[PDB]
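**Student:** I need the structure of the sequence given here:
(2 chains)
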Amino acid sequence: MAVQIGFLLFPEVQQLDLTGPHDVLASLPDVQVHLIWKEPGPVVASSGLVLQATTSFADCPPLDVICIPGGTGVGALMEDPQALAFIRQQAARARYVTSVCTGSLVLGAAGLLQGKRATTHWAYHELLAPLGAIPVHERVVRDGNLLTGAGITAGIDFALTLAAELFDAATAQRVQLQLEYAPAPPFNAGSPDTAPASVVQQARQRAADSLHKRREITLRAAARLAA
Amino acid sequence: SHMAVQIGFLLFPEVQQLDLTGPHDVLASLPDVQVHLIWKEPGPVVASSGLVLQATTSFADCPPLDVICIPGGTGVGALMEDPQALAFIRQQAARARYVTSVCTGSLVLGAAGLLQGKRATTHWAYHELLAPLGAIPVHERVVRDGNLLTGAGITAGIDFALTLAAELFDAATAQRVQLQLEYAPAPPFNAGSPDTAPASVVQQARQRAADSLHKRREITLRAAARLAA
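**Tutor:** Numbers count the residues shown, from 1 in each chain, chains lettered A, B, ... in the order given. The structure is reproduced below:
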């Protein structure tokens, strides 16, 4: 009866994509949160932070919510047939199929974005259309039972949105207050629309090699879905 | 590298993990930083939600830190009366460039004697406990007093870490990280502060926290008495 929420934990995950939502959702009543990988045990995030998977694919219970985080490690997952098959297995009956940041590229490689409105990190947004999505430039996008959040910190806004859907607005507001989530960022550079042009150029320059490599992975993943 | 800025987080049982992991992912995005997770011995430490984290060094083996940061959580009450942890914090604070905390981590700094006469903040529900530890309580999200920087409740760690990033490096670097994290928040509700949440929600929360507040008040006054002797 407890709501079963599962996050895919993979090598080179961007940990905040997972740990942000995890602390929001684990604050709710009658939930059980799982960290899923091919085997239980340590998984190292892109920053070197060590996390611990609690269950293998096989021991994972049927999930009410599956959530795919993003990170450097998504490129490997986009061409991992075991991971994609596991995601499809769980998406088949989950109440909600969800992701944060570049986790939506993994949903895309699995075939789960075909014809659906979705978002991702601003620097990778161009990769949604070849995976079949209708790209939407909004921070949390819902299409039926699919919810996708934009880049990294959008996971917190995503998780509060999901909390209200699983329970109600009052429950989500109580968690928001406990987390003191009334942000006051010290700069206004969180979006390419508002950041200084010099900052946007530097962020794009740093992402360029990853984007090129992911353009190539994306087109192979799309060609598999087509064939 | 061997010239890296040395950043250390205290990692303790029953920590509120987002107080640590939020700042960690922000600060680990900066050039040539080494981040340590510090406890009495290396190994697994379980956060209040059940998430398992891994301490990388003991108190004894931790190198001199440029930045020390104390997160909060249910486990702070024990830390406020842990002489080994308090001695480590005081030792590192003698030479750190920045002495910092998030949420109820500032109550640990207070128990260590590091808030006497200093402006500081903490989680909204525990803010009254700052004054008995000698602090000047300030109702802002990120409060700076010299080389002391404190953040308010839980998610304030992200705002705190971007503020610290600009001090360690510069505004341009902190803005780049903000953009990489797509940190343009759009909360679905407006209940993140007791001033804006529905009154029914604020009351429910105070109702829930009352027992913890009364227990932490007694710990706080015991810790204050040790500073006075």
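
**Student:** what are the phi and psi angles of the residue sitting nearest the centre point of chain A?
**Tutor:** Centroid-nearest residue in chain A: residue A:100, 2.3 Å away (criterion: C-alpha atoms, centre = their mean). Main-chain torsions, residue A:100, degrees, to the nearest 10: phi -130, psi 140.

**Student:** which ones are touching the closest residue to residue A:63 other than its chain neighbours?
**Tutor:** Spatial nearest neighbour of residue A:63, chain neighbours left out: residue A:6 (4.5 Å); criterion: C-beta to C-beta, 6 or more residues apart in numbering or on different chains. Where you see a C-beta, it was placed from the backbone N, CA and C, and this is true even at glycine. Contact analysis of residue A:6 by C-beta atoms under 8 Å, 6 or more residues apart in numbering or on different chains lists A:33-36, A:60, A:63, A:65-67, A:90.

**Student:** again, only this time at 6 Å
**Tutor:** Listed by C-beta atoms under 6 Å, 6 or more residues apart in numbering or on different chains, the contact set of residue A:6 reads A:34, A:36, A:63, A:66.

**Student:** In which helix or strand does it reside?
**Tutor:** strand A:3-8 (DSSP states H and E).

**Student:** Verify the contact between the residue nearest to the centre of chain A and residue A:156 for me.
**Tutor:** No - using C-beta atoms under 6 Å as the test, residue A:100 is too far from residue A:156 to be in contact (9.3 Å).

**Student:** how far away is the residue nearest to residue A:63 from residue A:108?
**Tutor:** 19 Å (C-beta to C-beta, to the nearest Å).

**Student:** ok, now residue A:158?
**Tutor:** 17 Å.

**Student:** just residue A:195 next, same as before
**Tutor:** 26 Å.

**Student:** Which one's more surrounded, the two?
**Tutor:** residue A:108 (29 against 21; other C-beta atoms under 10 Å in any protein chain shown).

**Student:** what sits against the more buried one?
**Tutor:** residue A:131.

**Student:** Can you tell me what sits against stretch A:146-162?
**Tutor:** A:16-17, A:20-21, A:24-25, A:97-101, A:104, A:116, A:118-119, A:121-122, A:139-141, A:172, A:176, B:181-183, B:186-188.

**Student:** give me phi/psi at residue A:99?
**Tutor:** phi -160, psi 170.

**Student:** so who does it touch?
**Tutor:** Applying C-beta under 6 Å, 6+ apart, the residues near residue A:99 are A:68, A:107, A:148.

**Student:** One more: residue A:112?
**Tutor:** residue A:91.

**Student:** does it count as helix, strand or coil?
**Tutor:** coil (DSSP: H, G, I helix; E, B strand; the rest coil).

**Student:** can you tell me how far residue A:113 sits from chain B?
**Tutor:** 19 Å (C-beta to the nearest C-beta, to the nearest Å).

**Student:** cool, residue A:136 as well?
**Tutor:** 14 Å.

**Student:** pretty sure that residue contacts residue A:119?
**Tutor:** Yes - assessed by C-beta under 6 Å, residue A:136 is found in contact with residue A:119 at 5.5 Å.

**Student:** Around chain B, which positions in chain A sit nearby?
**Tutor:** A:15-16, A:19, A:23, A:26, A:47, A:50, A:52, A:122, A:139, A:150-154, A:157, A:160-161, A:173-174, A:176-177, A:179-187, A:189-191, A:195, A:199, A:202-203 (C-beta under 6 Å from any C-beta of the partner chain).

**Student:** Buried among these? Need that as a selection in ChimeraX.
**Tutor:** ChimeraX command restricting the residues of chain A next to chain B to the buried ones, with burial defined by 16 or more other C-beta atoms under 10 Å in any protein chain shown:
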select /A:15,16,19,23,26,47,50,52,122,139,150,151,152,153,154,157,160,161,173,174,176,177,179,180,181,182,183,185,186,187,189,190,191,195,199,202,203
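
**Student:** Just give the number of residues close to residue A:165.
**Tutor:** By other C-beta under 10 Å, neighbour count at residue A:165 equals 15.

**Student:** what are the phi and psi angles of the residue lying closest to it once chain neighbours are set aside?
**Tutor:** Distance criterion C-beta to C-beta, 6+ apart; nearest residue to residue A:165, sequence neighbours excluded, is residue A:96 at 7.4 Å. Dihedral pair for residue A:96: phi -140, psi 140, per degrees, to the nearest 10.

**Student:** Give me the neighbour count for residue A:96.
**Tutor:** So residue A:96, with other C-beta under 10 Å, has 19 neighbours.

**Student:** Is it in contact with residue A:144, as I believe?
**Tutor:** No - Residue A:96 is beyond contact range of residue A:144, at 9.5 Å (criterion: C-beta under 6 Å).

**Student:** Buried ones in the helix or strand residue A:87 falls within, by neighbour count?
**Tutor:** Following DSSP H and E, one finds residue A:87 within helix A:81-91. Within helix A:81-91, the residues scored as buried using 16+ other C-beta under 10 Å are A:83-84, A:86-87, A:90-91.
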